[PDB]
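When we count neighbours, we look across all protein chains shown, and the Cβ atoms used for this are built from the backbone with ideal geometry, even at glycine. Please treat every number below as a calculation from the coordinates, not as lab data.
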Amino acid sequence: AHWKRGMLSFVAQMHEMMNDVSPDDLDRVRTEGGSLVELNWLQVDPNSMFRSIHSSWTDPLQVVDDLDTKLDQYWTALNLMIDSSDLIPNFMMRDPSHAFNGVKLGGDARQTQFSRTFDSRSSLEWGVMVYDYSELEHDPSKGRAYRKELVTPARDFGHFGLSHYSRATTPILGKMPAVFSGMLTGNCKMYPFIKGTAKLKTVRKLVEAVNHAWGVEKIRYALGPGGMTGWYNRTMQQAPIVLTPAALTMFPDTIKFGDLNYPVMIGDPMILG
Amino acid sequence: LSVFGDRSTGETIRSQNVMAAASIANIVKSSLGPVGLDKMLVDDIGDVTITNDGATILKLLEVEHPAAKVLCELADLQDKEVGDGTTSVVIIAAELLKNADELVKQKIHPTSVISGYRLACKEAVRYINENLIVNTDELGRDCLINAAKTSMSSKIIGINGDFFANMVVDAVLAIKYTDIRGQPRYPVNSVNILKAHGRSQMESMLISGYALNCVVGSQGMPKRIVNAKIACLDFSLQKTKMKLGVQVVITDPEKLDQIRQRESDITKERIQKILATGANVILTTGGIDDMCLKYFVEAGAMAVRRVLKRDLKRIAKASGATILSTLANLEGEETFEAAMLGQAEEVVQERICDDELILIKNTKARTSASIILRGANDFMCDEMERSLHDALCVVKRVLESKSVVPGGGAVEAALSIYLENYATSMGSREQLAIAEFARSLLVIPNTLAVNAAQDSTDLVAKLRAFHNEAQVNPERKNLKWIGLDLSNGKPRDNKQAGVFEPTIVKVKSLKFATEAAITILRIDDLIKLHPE
Amino acid sequence: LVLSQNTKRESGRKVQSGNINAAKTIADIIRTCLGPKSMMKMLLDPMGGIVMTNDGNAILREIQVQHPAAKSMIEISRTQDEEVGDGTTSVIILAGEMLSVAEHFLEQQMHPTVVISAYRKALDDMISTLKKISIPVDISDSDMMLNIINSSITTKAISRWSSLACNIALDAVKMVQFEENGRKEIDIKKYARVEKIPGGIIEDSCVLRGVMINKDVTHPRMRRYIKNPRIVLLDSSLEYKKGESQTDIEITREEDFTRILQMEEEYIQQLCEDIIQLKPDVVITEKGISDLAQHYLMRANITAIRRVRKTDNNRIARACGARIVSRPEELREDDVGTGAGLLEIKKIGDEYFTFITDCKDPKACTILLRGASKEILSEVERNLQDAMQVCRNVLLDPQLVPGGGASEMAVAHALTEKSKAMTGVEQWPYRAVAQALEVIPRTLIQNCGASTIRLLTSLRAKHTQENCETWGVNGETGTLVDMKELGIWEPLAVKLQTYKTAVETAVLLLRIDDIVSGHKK
Amino acid sequence: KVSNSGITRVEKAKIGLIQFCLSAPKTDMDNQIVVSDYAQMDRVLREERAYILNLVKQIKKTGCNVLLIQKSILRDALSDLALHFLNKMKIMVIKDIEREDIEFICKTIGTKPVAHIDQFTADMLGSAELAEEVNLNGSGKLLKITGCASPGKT
């Protein structure tokens, strides 16, 4: 709940800053390239549990109505601004499996220990992570034309208005990439990239609890044959279906630019031409 | 009676795999011998790949039928064992399979076929050793020149081979290496090869040392060092970590400045400690911080980040450096020693095809060889290195085995008849398989001639005759010969022509072919199973 | 079902002809585009923009295809462009035509390998030919270079502006010579920055003795005009930056919290006084800048710029000779921003620009392009790119070639001289390649639009006399012209890789016999 | 495959079987160094290296030459800094040993494992007639141990 709200607030800032662009600079960057918006990551949900321990997970929930509705709106709007202008996000990834294993973490990105879940044993206050596109950004041989041809999302995801491919984030908050559903799926729904089998272990104590709180016939009564334990193990095999938003399984497979061309760093989420 | 797929047995599958194999053969039949024609494949999206070596071609060829995959993987292995014969070996595989199948295609008991084939291989290689030619008496450089340009034939670069082979032979004698204390093993793939579109292979240059597909980190940093002061360091240089979990807690704010101070001073002092040795060249596969970059510019130093692990290993073995995963001492303090340094005449990064790559000249500790590729397109370079890659191996094998075999298909020319007579020895029914074994073995010159596109049989017939003549009048010192040509379309002495191949090539070739057909032949039934 | 399941394959002459045809197309689509009388093309990028350019490379670099050898031909263009810049006006047109006749022996059932074999023979003489008919030139003499450059640039629309660019190209080129390689100094065209600004006119664009920045003073109180400033390149940021070790504080007493906040103030100010101790004047950094320090640096009246691109920082560093620093405490006076003849920040019109002029003997420079519209400007610099590129090649070799097809016929008969003396089946390929060469002046005729056949025969007839080799084809008159008076002069190396590339194309496509699709990996 | 860059063949080798990981000490329970003061910086750095040396120092003191290390994927594995030492100490070393394999391993080689440093002593140090990594397949390299004074039945 806290993560989505912070994820909600972050996109609005980029969307806000995207719309505060005067026409000429976008006109100038569209032709010339260069930084258009750089949202200071120091501004990113500065009071939540994934940025500072002055917060906690227990803290009162920032009261946000139509959260999914607004999340749907601001993602889709922001992507269309990127899609229409083929802009370059430093916070998006072609396959969030890379965020935890395979990418380079650069400079200050390196402390990251990825829990890949939301559990009390994780230390979930963590820095706002984005890709380091500085080499691309200041590269003359990777200037305006080259980046259009390669780096922009639609090369890898397909055009945002014409693709079912999910669009995922860098670990912006809580070291957890987001999974945004494709616009052609009918909504732009956001998910943390968390495996269902890790989701299931959240109940492992409770399964045991029932083991010592309920009688077997009562447990078999409600869980059917096998009770909860066989259910738990059975559910573990079925987690890829039963605990899995499809959007986490709808990422593009034919990759041209990818995620392994630049390291992930801790830094400002930004968009340039 | 099994679900999700049926079965077919006997001739139906028998011929089917034969049809599969022959299909495989024709795919590569045109890229072999001094007149073979190289292949190219559009991948799916235009990242096409021109190449003559089937092992590449097959590896780049998707296969679904089983038996063919055997050949492709088998093609891969001989490549992992020879490198060429990819021109030939698979061609051998199916054709021997073709004839052997034909016998069984009548009635013939497969196991009988296997057994003669078992003998046939053993028979062949024994005579192979009875027909061997040694390079020790011969001029080392000359025959390596010969076999390479022989190996250079069938390749894109065969015209320039003399330059190339000469370039190549220098490389290997520059890749001399002392083995188990009793062998001079010469390590392949240790030579560094860098491909670069642009100038012609006329301008392609060998490095009497190593060349780096890397650049200077710092634009202000100097560019060329005439000195030997060279280091490698796996240990990265950043502000040193707590590196596990080690929390920093402050109840007394007064030293945080000092805390934050030392955070980089450790890297700084490590910079200072290594610099105080006076080292002038360093590599680090790890990341390199700008703080270090600034410091080295103050030193005017030379440094590399993110160098591939293997090359710096070659560098340490080349320059005499010690690759250092970190700074240390048998005593606890991390110390550093000049004795860890690597040494070489001069190091430059140079912009070839407007891109500065780093050159290493003449490490005194261990002489090194690297080769710079020049060509028109990226398509040309990456293939020609493969030929170059294979180019090294064959010579390496010749170095590995001081013995030679004449090229140009003499092998089966001699083999066919000698087995043809040898077949009569057994008196069983297997000699037919021996006869087909020889008959199928005759394929190569035919492939050569069709690849040369003339009347093949008559060439074969003449080749049959002289080799048959080579089995008449045992005064063969002036009756035993070897050779055949295609450019002029008439036989010769490949020995006089210098057309030679390594023995091991054909040896494993037949054996690997022998094993393969054995595997394929015994099959009598396939069963399909649909996926879940 | 056996092989690869719906991956197409083809072999032999149909393949051979198909590659033969496509290149014929490939060359053909541009044959209009070479010569002082060339045409000029405008392109649709897939995403909406417009590029209008005569340089073939970008045209082909802006070409999407399905047949491979075309894409194979594509890279060949960009490679020589990368290495040489121009000739791309011609090289491919040479290339396909070479192939165009190259097929003509395929029906002759001649195995291509020999045809290749002659080719490698052919180029060898060709390179030897040009070396014999090359001319070294002094490099110190500016005017011939200027002549060479216009000779090199009287092919593109900037033709009307030859005087400007020629000096423009020369000046930047000369001022880039990094001598710390002993006498093996090397110039760089990435320190040759190019800045395109619309508005104004071609005449307004000029070479700047320094660097131009599309940024502004962080604070007004910093002066926008200085004669001989001192400049600081702080690679590091100017503000408080993370304690990298997930550091933590546990205060208990009241004053502690307020104490620490001063400390960051203190930490920042610390940085400020370290800067001022070298008495600097100008502050440049690729990262952000604390306004509070910027107050301090304002308090010191010291000019400050934040978040500047690194390559420019290098060129800025290469402008004023100073070296960048990430360590204010370890900043060294040897990198004082001395070498600064004038500091200013002008207003271009809706944009501040940073004006850094009159370095003593600067090594870095950016060219300021002030024109009509960026696509016009972008077209210009491409021509500039070629213009400067050939000059360094001239700075790389002083030996020159007379173009205009004059050299082409020279080899052509030379190989014909070789051809008749080189009896055998390979002879006919040898003359054929010579036959291939003749098209380039011929192509020049069409771009002029003259009686190509008659002029060509006469030119060959003209070049039958050994006494004269500089006889070439005028761009506009379409008449036979000795080059010495005409002055269209070219770097020999330009022509070398031209033929070098041309023939490489030939062999590579010739060995082909087969097509394979659907790799699926 | 070996983990040493430099050690290829060994003769008269002494083999020792070691279980406990060679890296920074991590308690089975949650433990953490608190950093609040100055000399925390260098000492920890130095002391951990001193920690590993004595590990490496004592191990060499046994006179052994070949190291076997199993998987410790639940926790820290062999530290490279230790690998730096062993490479400095010129000691054959093997990581990634299967918990199922060791019984066959010790049954074959006759070197009962060691799971604590004091437990590491030359009496349990097995030795072999020769052991090294062969190379076939061109580069398909395989580890070999031929000859043991203590003949295992396996």
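What is the number of the single condition among (1) part of a loop (DSSP other than H, G, I, E, B); (2) touching a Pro at 6+ places or on another chain (Cβ under 7 Å) that D:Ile102 does not meet?
(1)
Take the range C:159-185 and flag every residue that is over 21 Å from C:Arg315 (Cβ atoms) and within 14 Å of another protein chain (Cβ to nearest Cβ).
C:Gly182, C:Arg183, C:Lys184
Check whether at least one residue in the range C:468-485 is more than 30 Å from B:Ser154 (Cα to Cα), in a helix (DSSP H, G or I) and in contact with a helix residue (DSSP H, G or I) (Cβ under 6 Å, 6 or more places away or on another chain), and report yes or no.
yes
Considering only residues of the range C:293-323 that are in a loop (DSSP other than H, G, I, E, B) and within 13 Å of chain B (Cβ to nearest Cβ), which is nearest to A:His138 (Cα to Cα)?
For the range C:293-323, the residue satisfying everything is C:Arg309.
Return the total of residues in the range B:192-239 being within 11 Å of chain C (Cβ to nearest Cβ), closer than 30 Å to C:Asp81 by Cα and hydrophobic (A, V, I, L, M, F, W, C).
Count: 3.
Criterion first (small (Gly, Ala, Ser) and surrounded by fewer than 16 Cβ atoms within 10 Å (Cβ to Cβ)) does A:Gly102 satisfy it?
So A:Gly102 fits the description; yes.
Within the range B:419-431, count every residue that is in a helix (DSSP H, G or I), touching a residue at least 12 places away in the same chain (Cβ under 8 Å) and surrounded by fewer than 21 Cβ atoms within 10 Å (Cβ to Cβ).
Number satisfying all stated conditions: 4.
Within the range B:28-49, which residues are over 20 Å from B:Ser456 (Cα atoms), hydrophobic (A, V, I, L, M, F, W, C) and buried (at least 22 other Cβ atoms within 10 Å of the Cβ)?
Result: B:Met40, B:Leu41.
Considering only the range C:291-308, how many residues are surrounded by fewer than 22 Cβ atoms within 10 Å (Cβ to Cβ) and over 17 Å from C:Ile345 (Cβ atoms)?
6
Could you tell me which of the residues A:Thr117, A:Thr152 is part of a loop (DSSP other than H, G, I, E, B) and within 30 Å of C:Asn314 (Cα to Cα)?
A:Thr152
Tell me, which strands (runs of 3 or more DSSP E) wholly within the range C:173-290 include 3 or more residues that are under 28 Å from A:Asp139 (Cα atoms) and charged (D, E, K, R)?
Counting at least 3 such residues, we get C:192-197.
Do we find that A:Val151 is farther than 19 Å from A:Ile82 by Cα, among the aliphatic types (A, V, I, L, M) and buried (at least 16 other Cβ atoms within 10 Å of the Cβ) in this structure?
No; evaluated as a whole, the condition is false for this residue.
Can you tell me which residue in the range B:371-418 is nearest to B:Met167 (Cα to Cα), limited to those that are within 14 Å of chain C (Cβ to nearest Cβ) and outside any helix (DSSP H, G or I)?
Selected residue: B:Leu373.
May I ask you to verify whether D:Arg99 is surrounded by fewer than 19 Cβ atoms within 10 Å (Cβ to Cβ), without any contact (Cβ under 8 Å) to a residue 40 or more places away in the chain and not hydroxyl-bearing (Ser, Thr, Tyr)?
So D:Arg99 passes the test.
Note down all Cβ pairs under 6 Å where the first residue falls in the range B:103-124 and is over 21 Å from B:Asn421 (Cα atoms), the second is aliphatic (A, V, I, L, M), and they're at least six residues apart or on different chains.
B:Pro110/B:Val104; B:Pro110/B:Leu521
Quick one: what pairs do we get from the range C:333-350, first residue free of Cβ contacts under 8 Å to residues at least 24 places away in the same chain, second in a loop (DSSP other than H, G, I, E, B) and surrounded by fewer than 16 Cβ atoms within 10 Å (Cβ to Cβ), C-beta under 7 Å, 6+ apart or different chains?
Filtered contacts from the range C:333-350: C:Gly339/C:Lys360.
Condition first: of a type in the set (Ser, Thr, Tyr) and free of Cβ contacts under 8 Å to residues at least 24 places away in the same chain. Now tell me which residues in the range B:151-205 satisfy that.
B:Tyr177, B:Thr178
Does A:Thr235 satisfy being closer than 19 Å to A:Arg116 by Cβ and surrounded by 13 or more Cβ atoms within 10 Å (Cβ to Cβ)?
yes
Of (1) within 14 Å of chain B (Cβ to nearest Cβ); (2) surrounded by 24 or more Cβ atoms within 10 Å (Cβ to Cβ); (3) of a type outside the set (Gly, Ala, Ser), C:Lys156 satisfies all except one. Which?
With respect to (1) within 14 Å of chain B (Cβ to nearest Cβ); (2) surrounded by 24 or more Cβ atoms within 10 Å (Cβ to Cβ); (3) of a type outside the set (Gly, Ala, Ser), C:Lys156 is out only on (1).
Does the range C:125-137 contain any residue that is under 15 Å from C:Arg431 (Cβ atoms) and within 14 Å of chain B (Cβ to nearest Cβ)?
Yes, some residue in the range C:125-137 is under 15 Å from C:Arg431 (Cβ atoms) and within 14 Å of chain B (Cβ to nearest Cβ).
Kindly indicate whether B:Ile323 is in contact (Cβ under 8 Å) with a residue 60 or more places away in the chain and either in a loop (DSSP other than H, G, I, E, B) or over 30 Å from C:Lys189 (Cβ atoms) (or both).
yes
If D:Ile7 passes every condition in (1) β-branched (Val, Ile, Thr); (2) within 12 Å of chain B (Cβ to nearest Cβ); (3) within 29 Å of B:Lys309 (Cα to Cα) but one, which one does it miss?
(2)
Find all pairs meeting these conditions: Cβ atoms under 8 angstrom apart; at least six residues apart or on different chains; first residue within the range B:327-354 and within 14 Å of chain D (Cβ to nearest Cβ) and hydroxyl-bearing (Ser, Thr, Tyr); second residue surrounded by 19 or more Cβ atoms within 10 Å (Cβ to Cβ) and assigned to a helix (DSSP H, G or I).
none
Within the range C:87-96, does at least one residue satisfy the condition of being assigned to a helix (DSSP H, G or I), buried (at least 22 other Cβ atoms within 10 Å of the Cβ), within 14 Å of chain B (Cβ to nearest Cβ) and over 26 Å from the mean Cα position of the chain (by Cα)?
No.
Take the range C:103-143 and flag every residue that is without any contact (Cβ under 8 Å) to a residue 24 or more places away in the chain and outside any loop (DSSP other than H, G, I, E, B).
Of everything in the range C:103-143, those that are without any contact (Cβ under 8 Å) to a residue 24 or more places away in the chain and outside any loop (DSSP other than H, G, I, E, B) turn out to be C:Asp124, C:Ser128, C:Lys132, C:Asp143.
Only one of these conditions is not met by A:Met93: (1) buried (at least 19 other Cβ atoms within 10 Å of the Cβ); (2) out of contact with any strand residue (DSSP E or B) (no Cβ under 6 Å at 6 or more places or on another chain). Which number is it?
Status for A:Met93: all satisfied but (2).
Looking at C:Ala70, C:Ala27, which is the one that is among the small types (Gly, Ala, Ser), assigned to a helix (DSSP H, G or I), within 13 Å of chain B (Cβ to nearest Cβ) and under 30 Å from B:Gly158 (Cβ atoms)?
None of the others qualify; the one that does is C:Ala70.
Which condition from (1) in a loop (DSSP other than H, G, I, E, B); (2) touching a residue at least 12 places away in the same chain (Cβ under 8 Å); (3) more than 8 Å from chain B (Cβ to nearest Cβ); (4) over 28 Å from D:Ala128 (Cβ atoms) is the one that D:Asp28 breaks?
Every condition holds for D:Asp28 apart from (2).
Got at least one residue in the range C:39-52 being closer than 25 Å to C:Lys190 by Cβ and either within 14 Å of chain B (Cβ to nearest Cβ) or not aliphatic (A, V, I, L, M) (or both)?
yes
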